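Have a look at the structure below before the remarks.
Quick note on labels: first sequence line is chain A, next is B, and so on, each numbered from 1. Only heavy atoms go into these numbers, but all of them, side chains included; no hydrogens, no water, no symmetry mates.
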Amino acid sequence: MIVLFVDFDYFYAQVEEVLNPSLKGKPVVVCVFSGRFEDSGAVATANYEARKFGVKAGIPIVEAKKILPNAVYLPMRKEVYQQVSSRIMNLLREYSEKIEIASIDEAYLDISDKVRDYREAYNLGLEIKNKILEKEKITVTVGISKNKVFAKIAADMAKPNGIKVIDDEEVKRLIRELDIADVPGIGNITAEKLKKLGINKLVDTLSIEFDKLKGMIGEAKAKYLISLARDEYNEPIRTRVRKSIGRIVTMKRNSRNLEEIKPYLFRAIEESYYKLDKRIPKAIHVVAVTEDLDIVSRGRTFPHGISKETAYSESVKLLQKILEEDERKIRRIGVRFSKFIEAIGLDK
DNA sequence: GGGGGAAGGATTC
DNA sequence: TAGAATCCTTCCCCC
Ligand SMILES: Nc1ncnc2c1ncn2[C@H]1CC[C@@H](COP(=O)(O)OP(=O)(O)OP(=O)(O)O)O1
Ligand SMILES: [Ca+2]
Ligand SMILES: [Ca+2]
């Protein structure tokens with residue numbers, strides 16, 4: 001198998017640059033303004049000019065401005081980025097029918113039927129980069145290898161505006177030398193659980209007792225890492241199906257008052273129904289974010305689709321259930337719909 | 001901030 | 001070698 005992974009560079013900020021070329025060269029910071037107070041909210045993403053100085057996805061807007069007070073701060077326009085994204089994804093389908101859209105700015109292509117070696121792979125990766133730049137004026141990074149995991153790793157090492165092949169030999173090298181923290185699916189919590197077991201590299205997973213590894217990180221991640229370390233990871237390129245659609249809104253103040261919470265919960269419903277488009281959910285979950293930023297969830301599955309009116313009445317009953325079973329104050333409130341009428345995937 | 005999947009407990013066959 | 005499928009909420013990751 002030969003996988004070609006495409007990752008659009010600093011995507012949201014780059015789209016803003018395309019729509020407003022005067023922004024080119026300047027630090028651009030795309031933000032999610034929460035509405036609590038002035039510049040409350042977080043950075044969604046920043047271009048490389050901003051990131052260079054430490055302004056990155058996840059930091060408070062307040063903190064970003066301390067670092068770069070003169071950067072351009074823009075509100076996230078997801079609808080806009082989604083349309084640009086859709087156009088680029090359509091362009092990629094012209095290079096392979098075996099395509100996996102992993103997110104708004106990431107897609108895997110199985111080009112095993114298209115190319116014979118990694119030299120032609122690299123060439124095809126150049127063609128794709130060139131095509132996206134000419135049609136949309138978007139630069140991307142291409143990662144190429146024998147599977148999805150290493151194709152992603154290649155892109156991670158080569159971004160931005162890059163292209164990298166990790167051949168069979170380099171795959172073996174990385175198994176020995178790559179910090180296991182840099183493997184997709186291993187976040188800070190898993191990395192620390194692993195380090196306490198003495199696993200720092202993929203190769204280390206093969207010598208540790210399996211039940212020790214499993215007990216610590218779960219059977220799934222254990223098997224996953226071992227399959228990688230054995231150079232036997234194979235996961236096919238498959239069409240991802242949206243399984244849930246929702247919205248969580250931040251309230252003006254923390255609250256356990258049903259009447260004060262209701263309007264926010266109802267706005268989340270309205271937005272969520274808009275997003276659903278033609279999808280009809282059979283399941284609804286109310287999701288509360290507590291004052292200490294914990295997450296509490298209660299849901300219901302119906303043997304039928306949920307009308308907006310049923311969503312309204314059920315959501316209150318579910319929020320009442322949360323209020324009863326958790327004494328903490330609620331900071332954010334929202335709703336998530338799933339179990340869509342009519343096929344495989346499409347719900348949870 | 002949205003959203004997917006696995007962990008782990010409970011249920012039921 | 002081994003309860004195991006399934007449903008539910010929490011946990012963890014990532015984009
Ligand atoms: N707190 C948050 N709020 C909203 N969206 C967030 C977020 N944290 C992350 N995201 C989302 C929004 C953007 C994305 C950030 O992840 P990458 O850095 O992988 O994507 P890109 O921006 O293209 O940078 P490049 O790929 O060139 O490194 O995740
Ligand atoms: Ca990207
Ligand atoms: Ca990591």
Handout entry: A/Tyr312 side chain to A/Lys308 backbone, donor-acceptor under 3.5 Å
Key = no
Problem - Expected output: side-chain A/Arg279 to main-chain A/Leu276 donor-acceptor under 3.5 Å - result: yes
Exercise for the section: Show the numbers, then the answer: is there a side chain to side chain contact (heavy atoms under 4.5 Å, CB included) between A/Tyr73 and A/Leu68? Expected result: CA-CA 10 Å; A/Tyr73 293 85; A/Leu68 302 180; 4.0 Å; yes
Completion exercise
The residue, A/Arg240 or A/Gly215, whose nearest nucleotide of DNA chain B is more 5′ is A/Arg240
Exercise for the section: Indicate, with a heavy-atom threshold strictly under 4.0 Å, whether A/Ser34 touches base, sugar-phosphate, or nothing. Expected result: nothing
Exercise for the section: Can you tell me the distance, in whole Å, between the CD atom of A/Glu219 and the P atom of B/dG8? Expected result: 10 Å
Exercise for the section: Check DNA chain C against residues 92-108 of chain A and give the residues with a non-hydrogen atom under 4.0 Å, in numerical order. Expected result: A/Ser103, A/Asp105, A/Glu106
Practice task
Assign A/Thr301 to base, sugar-phosphate, or nothing according to its heavy-atom contacts below 4.0 angstrom with the strands shown.
Solution key: sugar-phosphate
Fill in the blank from the handout: Which of B/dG2, B/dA7, B/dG5 is nearest the side chain of A/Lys243? It is B/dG5
Practice task
Report yes if some heavy atom in the side chain of A/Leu213 is under 4.5 Å from a heavy atom in the side chain of A/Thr205; otherwise report no.
Solution key: yes
Practice task
For A/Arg332, report the nucleic acid contact type (base, sugar-phosphate, nothing); a contact means any heavy atom under 4.0 Å.
Solution key: nothing
Practice task
Give one of base, sugar-phosphate or nothing for A/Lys321, where a contact means two heavy atoms less than 4.0 Å apart.
Solution key: nothing
Problem - Among A/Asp182, A/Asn147, A/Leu178, A/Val171, the one residue meeting side chain to side chain contact (heavy atoms under 4.5 Å, CB included) with A/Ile153 - result: A/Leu178
Practice task
For the side chain of A/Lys275, starting at C-beta, report the closest nucleotide among B/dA7, B/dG2, B/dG4.
Solution key: B/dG2
Practice task
For the pair A/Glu235 and A/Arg238, find out whether any cationic side-chain nitrogen is under 4.0 Å from an anionic carboxylate oxygen.
Solution key: yes
Fill in the blank from the handout: Between CD1 of A/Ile186 and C1' of B/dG5 the distance, given in whole Å, is 13 Å
Handout entry: Salt-bridge present (A/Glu170, A/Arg173; N to O < 4.0 Å)
Key = yes
Exercise for the section: Test A/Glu16 against every option in A/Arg77, A/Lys26, A/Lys24 by the salt bridge (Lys or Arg N to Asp or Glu O under 4.0 Å) rule and name the one that passes. Expected result: A/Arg77
Practice task
Kindly state each residue pair satisfying ring-ring contact (aromatic ring centres under 6.0 Å, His included) with at least one member in residues 25-67 of chain A, sequence neighbours excluded.
Solution key: A/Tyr10-A/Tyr48
Problem - Length of the CD1-P vector between A/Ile189 and B/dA7, whole Å - result: 14 Å
Handout entry: Nucleotide nearest A/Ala220 (side chain, heavy atoms from C-beta), chosen from B/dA6, B/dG2, B/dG1
Key = B/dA6
Handout entry: Check ion pair A/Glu100-A/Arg240 (N to O, under 4.0 angstrom)
Key = yes
Practice task
Would you indicate what A/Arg247 reaches in the nucleic acid, counting non-hydrogen atoms under 4.0 angstrom: base, sugar-phosphate, or nothing?
Solution key: sugar-phosphate
Problem - For chain A, the stretch of DNA chain C it reaches, first to last nucleotide, under 4.0 Å of its heavy atoms - result: C/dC8 to C/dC15
Practice task
Verify the contact: side-chain N or O of A/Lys348 to OP1 or OP2 of B/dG3, cut-off strictly under 4.0 Å; return yes or no.
Solution key: no
Exercise for the section: Rounded off to whole Å, could you give me the CG-to-P distance for the A/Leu225 and B/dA6 pair? Expected result: 14 Å
Exercise for the section: Name the nucleic acid region contacted by A/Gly41, choosing base, sugar-phosphate or nothing; use a 4.0 angstrom heavy-atom cut-off, strictly under. Expected result: nothing
Practice task
Find the distance A/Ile59:CD1 to B/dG1:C1' and express it as a whole number of Å.
Solution key: 16 Å
Handout entry: Atom pair distance, as rounded to whole Å: NZ in A/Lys78 and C1' in B/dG1
Key = 8 Å
Practice task
Please check the phosphate of B/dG3 (OP1 and OP2 only) for any side-chain N or O of A/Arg336 closer than 4.0 Å.
Solution key: yes
Handout entry: Check: A/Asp9/A/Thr141 side-chain N/O donor and acceptor closer than 3.5 Å
Key = yes
Exercise for the section: Write down the distance between NE2 (A/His285) and P (B/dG3), rounded to a whole number of angstrom. Expected result: 14 Å
Completion exercise
To the nearest angstrom, the OH-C1' distance between A/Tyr81 and B/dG1 comes to 14 Å
Problem - Touch class at under 4.0 angstrom, heavy-atom based, for A/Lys214 against every strand present - result: nothing
